[PDB]
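Here you'll find one protein chain in two forms, each presented separately as structure tokens under the names structure 1 and structure 2.
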Structure 1
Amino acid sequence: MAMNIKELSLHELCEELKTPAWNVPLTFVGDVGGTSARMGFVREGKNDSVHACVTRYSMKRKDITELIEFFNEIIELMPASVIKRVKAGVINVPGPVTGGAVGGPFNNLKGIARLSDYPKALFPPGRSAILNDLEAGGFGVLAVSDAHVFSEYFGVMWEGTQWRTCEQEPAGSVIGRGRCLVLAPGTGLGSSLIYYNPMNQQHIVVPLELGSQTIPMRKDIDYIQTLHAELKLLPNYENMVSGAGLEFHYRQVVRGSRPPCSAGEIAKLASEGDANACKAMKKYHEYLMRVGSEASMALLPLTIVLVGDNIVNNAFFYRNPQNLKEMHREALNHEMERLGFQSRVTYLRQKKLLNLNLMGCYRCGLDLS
């Protein structure tokens, strides 16, 4: 198995790291959310495989600075001869970062993440970084490709016209050298651009805020104006492509005929074949394809990849050939499709669960060491 993540108690992780398979160079990684952080060590295995061993920490204090207590505990317990093998340290945090070194402020945690405050044993000077969540997720998409298992984690929705002229291998078998736009449609709408720099021979991940752009119209001015009047804000893409957005689409389908439902209730009903909930899901995806059509022009990506547990869990929607045909039509609904811009782009969806952020911390670390 190419991508392996094992969760252990700190004491069991210490025992695991003394085993012979772990007597190799190590990367320290940390995936930090509002409730818990998973932190530990990653090594290479056979055939560019990835093996992580992590421990779950509760963010009891809802303070980012508590991470320093967790780091200090790992360095106190672990033999110095084991920690000596760490060549890089990278964590992801749910908020903005400057200089790859200063994270926050955060919506759901107090304090600021400061790399210069972290122990050099786990964060070697010059070989360390703090990443935003969706930067780490981009690097995680790269990590899957590098481990030769893109076709295990991602499914092709449709192959674009540019793939075969730019790449030798089948669509969806590798990320491709071209620009890759990562979209994370979930409760919100995350975005990042994976760029390959030919001069460097280095891939870099550019975090974006595509979801906060004002929605440009097609033939839907009355639909956008309905949401405008409700929010008292000109709609952005996240307003239509979010849990709140899906709840709105469901209200507009049923027009008071049926009780209001949560985003989770709507997804479940669509999965059970409820016509109203399926229509609401079509509307959600119509606006996701608008982000995609406009970014296809602005950013000239080779590929668009939809990531996240939400995308995996909603596989039923993407597997339906009618739904996929309607999504493809809206992806090509742009004036510049007369010149083939939108049809150039290959669309892919995550089809298997994976902690992309932990794998991305590792992949970023390889650039740094």
Structure 2
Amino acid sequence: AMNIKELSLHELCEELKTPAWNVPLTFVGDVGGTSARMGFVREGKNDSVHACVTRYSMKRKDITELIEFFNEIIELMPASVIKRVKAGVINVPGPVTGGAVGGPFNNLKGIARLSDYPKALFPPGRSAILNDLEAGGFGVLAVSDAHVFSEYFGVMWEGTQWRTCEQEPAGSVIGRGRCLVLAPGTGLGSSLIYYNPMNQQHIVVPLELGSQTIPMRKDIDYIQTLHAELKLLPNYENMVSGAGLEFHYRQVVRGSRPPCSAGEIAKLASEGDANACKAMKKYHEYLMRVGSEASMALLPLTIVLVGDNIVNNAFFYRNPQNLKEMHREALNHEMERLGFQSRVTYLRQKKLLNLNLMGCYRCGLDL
């Protein structure tokens, strides 16, 4: 159903001359902190979705470098092909106003301005800048609508409310309820797929749950230790990020060691290393606190953890002890005395898929 081809800039040029690619096109771009995958999507035979993209490196760590890539693409591509571009959607790893202005970025310098992009890739009134988890959320909806939900998402635990509005198995469809998508990677991403009961419609509402000040449990001292390193009141992202895992790893080993990065800490936990595993537990404990607060504030039917990080950490979630402690923490809220946290079904992405690119495409269709 879901098809993405990674190619060099030149292989892409040739692929598009195929009679298969002689149809209407959407320009799409998934932009992250290091790299960006940009290219073209078509509708395929038997209702399928086929994309071809090339990887660019964000060498300059500047969001305005994207313009170069667009121009590079327009010249180095045949006009016949560009003429079939009927819609243009990219995502960026920051907050976006009016689908047009991508806001201050943690990693990257500058501001994403739709009005500076070339109209041959971004047709007026048929183009948009999304936040990366806005795109993610359109992706989750694309997966549900293509009926392959259980191919790509696995249930972590079923909540109370699932059977009250759905008779199908948990994880077989997104559900006629709000879905909160959380992407713990470089940054902590969050979007709310709102469910409008009047018209049974799902709508993607971007969030910045990651930049909320962390509320206390019994961790006052642990929060204050990071407060004194950052010289900032910790937010969720400070505890649930690359930097966050490093922090938990430094707090566990209780002494100087030679450097290991988040990457190295994950690799070590997958090899059975006690200390790295305790770092991952700690990380997942703050991730579940984002969930318990948001389970009350936003009343989701489902919470879905998405991204490469989540798929690559499958070793962590398969362990039923890790899952049991995550679940205990997801219920660790005063409002659990009335069942609010128990209501919620948690899922995780269990198979690699660029949600963001599928989401840029679904967004292009609604436009």
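Definition used throughout: the rigid core is the maximal C-alpha set that superposes within 1.5 Å between two forms. Residues are numbered by position in structure 1's sequence, first residue being 1.
Participant: So between structure 1 and structure 2 the chain behaves as two rigid pieces; does residue 319 sit with residue 179?
Facilitator: The answer is yes; they move as one rigid part.
Participant: Please indicate how large the rotation of the smaller rigid part is between structure 1 and structure 2, in whole degrees.
Facilitator: The computed domain rotation is 17 degrees.
Participant: Please give the CA displacement of residue 324 between structure 1 and structure 2, in Å, after core superposition.
Facilitator: In the core superposition between structure 1 and structure 2, the C-alpha of residue 324 moves 0.1 Å.
Participant: Give me the C-alpha shift of residue 81 between structure 1 and structure 2, core superposed, in Å.
Facilitator: For residue 81, the C-alpha ends up 8.4 Å from its position in the other form.
Participant: What is the C-alpha shift for residue 48 between structure 1 and structure 2, rigid core superposed, to one decimal in Å?
Facilitator: That residue's C-alpha is offset by 4.6 Å.
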